[PDB]
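Heads up, the chain shows up twice below as structure tokens, two forms, tagged structure 1 and structure 2.
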Structure 1
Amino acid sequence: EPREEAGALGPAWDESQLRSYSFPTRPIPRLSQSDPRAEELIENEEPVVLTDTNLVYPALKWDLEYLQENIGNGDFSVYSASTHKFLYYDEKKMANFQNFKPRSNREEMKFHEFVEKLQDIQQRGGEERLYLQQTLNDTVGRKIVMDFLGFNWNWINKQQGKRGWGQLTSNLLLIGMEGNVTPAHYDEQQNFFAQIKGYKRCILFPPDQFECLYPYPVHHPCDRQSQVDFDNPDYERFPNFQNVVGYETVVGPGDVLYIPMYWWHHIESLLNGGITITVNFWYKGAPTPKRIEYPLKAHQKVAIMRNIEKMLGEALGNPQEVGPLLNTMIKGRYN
């Protein structure tokens, strides 16, 4: 339902830049950071898009030229795909599954190399696609440390304090090609997704939709991603995917999205809309209370499930025995 930019510059995007999927969605509310309803949503761990935080104001000038000039000669992680659809592997979990080959590999490189791959691809119709995903640190240049220093630390530190969250664990810079998709997954941390350049579509699903989204086993390298291909969903294997309902929004420069911990997210950079730049802020969640309430919340049951899987992997001495044990435990007994 497209936003009109200030100065009559016409709709920022239209519906033809959105991919189409099998499930319905409702909109994540767009609110002011001074609106108490926004504070309610965050405190109840539900998503909201805050339109006026100024969280990353000084990075609103970033583009590829400014960045290439000012970032430094660091190594930037740069992921790859032959399709629009990216797949992250945990390279430590690779010991596990023999019957396995990378199909979206990390390449290390310097920024200018990326800017030139990027723009070479462009001049050859390439379905060959790249995603830069790299922690900001100290190895970055002077003009970028200054920018970063001007982020709205007052606001975000108040949020960490008020919500009782733990420490800021990381801050990634993400630079996407148009059409790029990061398929549905969930993160264990609380997230502020700070949009800087171009437009990203975010479809979220809550923690109680675990059973419709069929993540990989915990020991699999794609731990926490959905096994369901959103473009060609296999309802024979994943029959509850036909009961999935999402929350969605499109965020552009200046918007911040609160992605609550354990919420599923699918993130797509709009078709024909250019390069997208985003920065994220990840925090450890509050510690669990002493006072346990019953019944537990979906995320807590999700946490227990992960733990059963992790323990069983260690007790059996081999993650390939986890499946057969689980199946033996449940058939003819709990169905």
Structure 2
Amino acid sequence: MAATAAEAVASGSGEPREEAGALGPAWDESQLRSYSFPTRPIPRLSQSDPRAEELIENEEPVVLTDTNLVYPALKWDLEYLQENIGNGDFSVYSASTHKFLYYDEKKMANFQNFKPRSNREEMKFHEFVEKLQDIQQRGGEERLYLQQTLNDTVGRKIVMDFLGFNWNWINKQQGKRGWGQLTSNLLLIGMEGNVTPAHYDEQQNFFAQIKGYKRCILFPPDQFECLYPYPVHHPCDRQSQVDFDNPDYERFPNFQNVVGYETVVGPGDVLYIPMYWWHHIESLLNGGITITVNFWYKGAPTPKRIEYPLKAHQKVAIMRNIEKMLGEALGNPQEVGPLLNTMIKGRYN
């Protein structure tokens, strides 16, 4: 029965992997939040597996289990980083809810009726750690999520760890895919339960898990119609307007058709998040703090002769450009919507 046959391939992250030396289940289902949509698993392969190379060349997610990409960082933890990360400033987001929706500040100018559910604040690593402890011991509920690009200002031992990354492997990946340069490395440290809502990036991403576990739920670019991203000029550009915890099927009917790809990554796993793929990321409930470092690369330059039909991500690119052009022409982003409706109502719908 196809219905049942399907209810089966809709595993999710699957049965929890077992830790070496019989240290028990890495994590368990009750640590995962519950959503309204189905999900099949992202393949977990070895970098030496020809399949893994296949998925990447073909822009599909895959978790590489043995890259040693950030092997030297697997020793990182709060104590170690405070002693060696530097006296530099670290962007730290604070929020009331478990949801840390990203917002673009340079865009906060066009939409003033927008109020951030989470606020940013610069800190010295020890401050973040301090504030983390107050909350921790005082049993508070304020959630924090440090997210900072690793810059010229980190300490000596961190720079050392950095040099020990597996540049041989990734550089070859950058080379074989024609990608552009590495644009940055984002360091993320969050509290258990922290959620990064579904959104997509215009960067190729190698997501290297370091400490703790993270459940990653991705959606292919062709599910744009089911995820309803905010307007291109809105601060939450690229983020989904749908609240996965309380989805509004009236406003977002096609979210009822969404199908995800998930997996739980841990210390040493590297998840390839292809450019334009939506991803929702959550730190397992009661799993402790999580540490991750990503590698963002500019995508490869678009082929000179366009081949048809277009790939989903090229249509998404086209839609974004229309919204931007219209923004410039009308001289005001607020008017994009009204003109678009006028263009389709009774004509294309």
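Structure 1's sequence is the ruler for residue numbers, which start at 1. What we label the rigid core is the largest C-alpha set whose atoms superpose within 1.5 Å from one form to the other.
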With the core superposed, a Cα shift of 2 Å or more between structures 1 and 2 singles out one residue among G166, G126, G150, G74. Which one is it? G126
Once you lay the two forms on top of each other by their rigid core, how far has the C-alpha of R103 moved between structures 1 and 2, in Å? 2.0
Hey, core superposed, how many Å does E314 shift at the CA between structures 1 and 2? 0.4
How much does the C-alpha of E116 shift between structures 1 and 2, in angstrom, given a rigid core superposition? 1.1
